[PDB]
file input-v4.cif (mmCIF, C-alpha atoms and all ligand atoms)
data_input
loop_
_atom_site.label_atom_id
_atom_site.label_comp_id
_atom_site.auth_asym_id
_atom_site.auth_seq_id
_atom_site.Cartn_x
_atom_site.Cartn_y
_atom_site.Cartn_z
CA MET A 1 21.18 -67.99 11.96
CA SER A 2 19.21 -68.79 15.13
CA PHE A 3 16.19 -67.06 13.57
CA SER A 4 13.04 -68.35 15.25
CA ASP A 5 9.46 -67.29 15.88
CA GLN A 6 10.05 -68.41 19.50
CA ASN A 7 12.85 -65.89 20.16
CA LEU A 8 12.19 -63.00 22.55
CA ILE A 9 12.80 -59.29 21.93
CA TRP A 10 13.97 -57.45 25.04
CA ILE A 11 13.95 -53.65 25.01
CA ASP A 12 14.76 -50.85 27.44
CA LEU A 13 14.33 -47.12 26.87
CA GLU A 14 15.55 -44.09 28.74
CA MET A 15 13.38 -40.98 28.58
CA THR A 16 13.31 -37.36 29.69
CA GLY A 17 10.43 -38.25 32.04
CA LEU A 18 7.47 -40.49 32.75
CA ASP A 19 4.87 -38.89 30.42
CA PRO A 20 4.88 -40.01 26.75
CA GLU A 21 2.90 -36.93 25.70
CA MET A 22 5.46 -34.53 27.22
CA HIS A 23 8.75 -36.41 27.25
CA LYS A 24 11.06 -37.98 24.71
CA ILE A 25 13.14 -41.11 24.21
CA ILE A 26 16.85 -40.47 24.77
CA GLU A 27 18.20 -44.01 24.69
CA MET A 28 17.16 -47.39 23.29
CA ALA A 29 18.75 -50.83 23.50
CA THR A 30 17.52 -54.23 22.33
CA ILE A 31 18.61 -57.81 23.00
CA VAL A 32 17.31 -61.03 21.45
CA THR A 33 17.22 -64.22 23.50
CA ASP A 34 16.06 -67.65 22.52
CA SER A 35 12.98 -69.06 24.22
CA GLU A 36 15.21 -70.46 27.00
CA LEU A 37 16.66 -66.95 27.71
CA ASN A 38 20.10 -67.54 26.19
CA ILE A 39 21.32 -64.24 24.77
CA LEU A 40 21.73 -64.66 21.01
CA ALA A 41 22.57 -61.11 19.94
CA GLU A 42 22.63 -57.58 21.27
CA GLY A 43 21.12 -54.87 19.13
CA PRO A 44 21.94 -51.22 18.53
CA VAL A 45 22.56 -49.17 21.67
CA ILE A 46 21.43 -45.74 20.56
CA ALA A 47 21.55 -42.40 22.33
CA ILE A 48 18.91 -40.36 20.51
CA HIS A 49 19.60 -36.68 20.01
CA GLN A 50 17.24 -34.23 21.68
CA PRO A 51 17.50 -30.43 21.77
CA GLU A 52 18.09 -28.55 25.00
CA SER A 53 14.44 -27.49 25.10
CA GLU A 54 13.52 -31.16 25.52
CA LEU A 55 16.35 -31.96 27.93
CA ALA A 56 15.14 -28.94 29.92
CA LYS A 57 11.92 -30.78 30.79
CA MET A 58 13.87 -33.24 32.94
CA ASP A 59 13.25 -33.07 36.67
CA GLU A 60 15.99 -33.46 39.27
CA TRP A 61 15.86 -37.26 39.26
CA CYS A 62 16.15 -37.46 35.48
CA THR A 63 18.77 -34.71 35.20
CA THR A 64 21.05 -36.17 37.84
CA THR A 65 20.56 -39.78 36.73
CA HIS A 66 21.18 -39.20 33.03
CA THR A 67 23.99 -36.70 33.60
CA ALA A 68 25.89 -38.95 36.01
CA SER A 69 25.64 -41.97 33.69
CA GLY A 70 27.10 -39.99 30.79
CA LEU A 71 23.89 -40.36 28.78
CA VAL A 72 23.19 -36.62 28.60
CA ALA A 73 26.59 -35.99 26.99
CA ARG A 74 25.94 -38.82 24.53
CA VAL A 75 22.51 -37.37 23.71
CA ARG A 76 23.94 -33.91 23.05
CA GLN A 77 26.64 -35.36 20.79
CA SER A 78 24.35 -37.83 19.02
CA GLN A 79 23.45 -37.42 15.35
CA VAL A 80 20.71 -40.08 15.44
CA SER A 81 17.00 -39.20 15.36
CA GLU A 82 14.09 -41.39 16.45
CA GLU A 83 13.39 -42.41 12.84
CA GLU A 84 17.01 -43.43 12.28
CA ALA A 85 17.02 -45.36 15.58
CA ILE A 86 13.89 -47.21 14.46
CA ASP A 87 15.53 -48.06 11.14
CA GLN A 88 18.66 -49.41 12.83
CA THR A 89 16.66 -51.40 15.35
CA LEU A 90 14.30 -52.98 12.80
CA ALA A 91 17.25 -53.93 10.58
CA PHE A 92 18.73 -55.76 13.56
CA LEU A 93 15.50 -57.44 14.71
CA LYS A 94 14.62 -58.75 11.25
CA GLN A 95 17.75 -60.94 11.36
CA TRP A 96 16.64 -62.75 14.53
CA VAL A 97 12.85 -62.70 15.08
CA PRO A 98 9.95 -62.49 12.60
CA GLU A 99 7.59 -59.54 12.77
CA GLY A 100 4.64 -59.76 15.14
CA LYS A 101 5.80 -62.87 17.03
CA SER A 102 7.65 -61.77 20.17
CA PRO A 103 5.91 -60.15 23.13
CA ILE A 104 7.65 -57.05 24.41
CA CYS A 105 10.06 -58.17 27.16
CA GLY A 106 11.53 -56.27 30.09
CA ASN A 107 10.69 -54.76 33.49
CA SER A 108 7.47 -52.71 33.70
CA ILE A 109 7.67 -52.91 29.93
CA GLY A 110 4.21 -51.38 29.50
CA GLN A 111 5.84 -48.01 30.16
CA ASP A 112 8.34 -48.47 27.33
CA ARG A 113 5.52 -49.64 25.08
CA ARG A 114 3.62 -46.38 25.72
CA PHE A 115 6.65 -44.46 24.52
CA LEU A 116 6.90 -46.74 21.47
CA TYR A 117 3.23 -46.21 20.56
CA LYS A 118 3.69 -42.44 20.76
CA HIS A 119 7.17 -41.91 19.34
CA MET A 120 8.10 -45.10 17.44
CA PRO A 121 4.88 -46.79 16.27
CA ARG A 122 6.70 -48.54 13.40
CA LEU A 123 8.84 -50.32 16.01
CA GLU A 124 5.93 -50.98 18.40
CA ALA A 125 4.21 -52.80 15.51
CA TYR A 126 7.07 -55.33 15.34
CA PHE A 127 6.00 -56.90 18.65
CA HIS A 128 3.19 -59.32 19.36
CA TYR A 129 0.47 -57.63 21.40
CA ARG A 130 1.45 -59.50 24.56
CA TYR A 131 3.91 -58.42 27.26
CA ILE A 132 6.55 -60.42 29.12
CA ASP A 133 6.98 -58.27 32.24
CA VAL A 134 9.63 -59.63 34.58
CA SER A 135 8.25 -57.38 37.32
CA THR A 136 5.02 -59.36 37.26
CA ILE A 137 7.07 -62.26 38.64
CA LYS A 138 8.90 -59.94 41.05
CA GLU A 139 5.58 -58.79 42.51
CA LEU A 140 4.10 -62.27 42.80
CA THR A 141 7.30 -63.54 44.43
CA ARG A 142 7.26 -60.67 46.93
CA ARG A 143 3.77 -61.75 48.01
CA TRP A 144 4.21 -65.53 47.88
CA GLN A 145 7.76 -66.02 49.20
CA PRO A 146 9.51 -62.67 49.75
CA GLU A 147 12.67 -64.23 51.22
CA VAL A 148 13.52 -65.42 47.68
CA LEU A 149 14.16 -61.83 46.59
CA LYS A 150 17.10 -61.44 49.00
CA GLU A 151 19.11 -63.74 46.71
CA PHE A 152 19.14 -61.34 43.74
CA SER A 153 20.07 -57.67 43.38
CA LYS A 154 20.44 -55.11 40.60
CA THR A 155 22.84 -52.26 39.92
CA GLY A 156 20.25 -50.13 38.10
CA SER A 157 22.54 -47.80 36.18
CA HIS A 158 19.95 -46.50 33.67
CA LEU A 159 22.28 -47.39 30.85
CA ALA A 160 19.71 -49.09 28.63
CA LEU A 161 21.76 -52.11 27.55
CA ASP A 162 23.01 -52.82 31.08
CA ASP A 163 19.50 -52.52 32.49
CA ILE A 164 18.00 -54.89 29.93
CA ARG A 165 20.81 -57.36 30.70
CA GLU A 166 19.75 -57.14 34.35
CA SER A 167 16.12 -57.79 33.31
CA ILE A 168 17.19 -61.00 31.59
CA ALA A 169 19.30 -61.99 34.60
CA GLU A 170 16.32 -61.38 36.89
CA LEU A 171 14.11 -63.71 34.86
CA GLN A 172 16.87 -66.33 34.71
CA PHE A 173 17.00 -66.13 38.51
CA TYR A 174 13.22 -66.60 38.76
CA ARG A 175 13.38 -69.59 36.40
CA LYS A 176 15.54 -71.42 38.93
CA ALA A 177 14.18 -69.90 42.15
CA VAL A 178 10.39 -69.71 41.70
CA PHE A 179 9.43 -71.81 38.63
CA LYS A 180 9.35 -75.60 38.39
CA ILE A 181 9.31 -75.71 34.57
NA NA A 201 13.18 -49.52 32.01
#
call {"tool": "encode", "arguments": {"input": "input-v4.cif", "output": "structure tokens", "more": "lines below"}}
Ligand code: NA
result
Amino acid sequence: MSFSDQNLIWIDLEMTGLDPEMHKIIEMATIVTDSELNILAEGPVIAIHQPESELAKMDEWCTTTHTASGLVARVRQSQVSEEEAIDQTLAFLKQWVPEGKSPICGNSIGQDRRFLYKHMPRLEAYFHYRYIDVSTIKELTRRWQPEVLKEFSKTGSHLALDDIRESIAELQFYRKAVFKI
């Protein structure tokens, strides 16, 4: 439909921790916007099954965060592996954006990309090599005109789809508040 090589792929992952070599992906969500940030389509929101031995690597922050959000229960009940989650996500993305065209979009999205390289390289390969990191603009705004940041806030629930929606909202806010294009 609105298929375009200008569309942007937004992605957020939840993990059992901060180290791709030790930890695992437990949730993935994708959203496609057009080049003007209008949300065209939301992709699969997938809790990825992990065994207790992997959930047992979570520290207090991860355990409490992902238990309170309901994600841990969804992970335990999930019947979807990483490979199946890749398959579902690629089947969605192919309907909206051509392969290799969109940068990876989100907040501190380099961290998610590290997990993709390690655990989902077939999905990492779908992105252009560049990164659209909304937190780059956050950090520049904090230094150049920090009072701007008081006009926007986030809930930060660590539910992957809700967090990526907040990433898009943050960039929409910067478009009006700190850009002149
Ligand atoms: Na994130």
call {"tool": "closest_residue", "arguments": {"input": "input-v4.cif", "among": "A:56, A:47, A:13, A:1", "to": "ligand NA 201 (chain A)", "atoms": "only C-alpha atoms and all ligand atoms"}}
result
A:13
call {"tool": "atom_distance", "arguments": {"input": "input-v4.cif", "atom1": "CA of residue 167 in chain A", "atom2": "CA of residue 91 in chain A"}}
result
23.1 Å
call {"tool": "residues_near_ligand", "arguments": {"input": "input-v4.cif", "ligand": "ligand NA 201 (chain A)", "cutoff": "8 Å", "atoms": "all atoms listed in the file", "output": "PyMOL selection string"}}
result
chain A and resi 12-14+106-109+111-112+158+160+163-164
call {"tool": "residues_around", "arguments": {"input": "input-v4.cif", "residues": "residue 48 in chain A", "least_positions_apart": "2", "cutoff": "12 Å", "atoms": "all atoms listed in the file", "output": "ChimeraX atom specification"}}
result
/A:13-16,24-29,44-46,50-51,54-55,71-86,88,119,160
call {"tool": "write_last_selection", "arguments": {"input": "input-v4.cif", "atoms": "C-alpha atoms", "output": "compact mmCIF listing (two decimals), in the coordinates of the input"}}
result
# COMPACT_ATOMS: atom_id res chain seq x y z
CA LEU A 13 14.33 -47.12 26.87
CA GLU A 14 15.55 -44.09 28.74
CA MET A 15 13.38 -40.98 28.58
CA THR A 16 13.31 -37.36 29.69
CA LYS A 24 11.06 -37.98 24.71
CA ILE A 25 13.14 -41.11 24.21
CA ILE A 26 16.85 -40.47 24.77
CA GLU A 27 18.20 -44.01 24.69
CA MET A 28 17.16 -47.39 23.29
CA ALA A 29 18.75 -50.83 23.50
CA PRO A 44 21.94 -51.22 18.53
CA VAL A 45 22.56 -49.17 21.67
CA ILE A 46 21.43 -45.74 20.56
CA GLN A 50 17.24 -34.23 21.68
CA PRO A 51 17.50 -30.43 21.77
CA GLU A 54 13.52 -31.16 25.52
CA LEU A 55 16.35 -31.96 27.93
CA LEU A 71 23.89 -40.36 28.78
CA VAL A 72 23.19 -36.62 28.60
CA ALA A 73 26.59 -35.99 26.99
CA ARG A 74 25.94 -38.82 24.53
CA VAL A 75 22.51 -37.37 23.71
CA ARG A 76 23.94 -33.91 23.05
CA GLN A 77 26.64 -35.36 20.79
CA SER A 78 24.35 -37.83 19.02
CA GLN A 79 23.45 -37.42 15.35
CA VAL A 80 20.71 -40.08 15.44
CA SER A 81 17.00 -39.20 15.36
CA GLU A 82 14.09 -41.39 16.45
CA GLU A 83 13.39 -42.41 12.84
CA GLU A 84 17.01 -43.43 12.28
CA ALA A 85 17.02 -45.36 15.58
CA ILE A 86 13.89 -47.21 14.46
CA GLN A 88 18.66 -49.41 12.83
CA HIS A 119 7.17 -41.91 19.34
CA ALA A 160 19.71 -49.09 28.63
call {"tool": "residues_around", "arguments": {"input": "input-v4.cif", "residues": "residue 3 in chain A", "least_positions_apart": "6", "cutoff": "9 Å", "atoms": "all atoms listed in the file", "output": "list in words"}}
result
residues 34, 94, 95, 96, 97 and 98 of chain A
call {"tool": "closest_residue", "arguments": {"input": "input-v4.cif", "among": "A:18, A:120, A:40, A:9", "to": "residue 61 in chain A", "atoms": "only C-alpha atoms"}}
result
A:18
call {"tool": "closest_residue", "arguments": {"input": "input-v4.cif", "among": "A:17, A:172, A:143, A:166", "to": "residue 65 in chain A", "atoms": "only C-alpha atoms"}}
result
A:17
call {"tool": "atom_distance", "arguments": {"input": "input-v4.cif", "atom1": "CA of residue 176 in chain A", "atom2": "CA of residue 37 in chain A"}}
result
12.1 Å
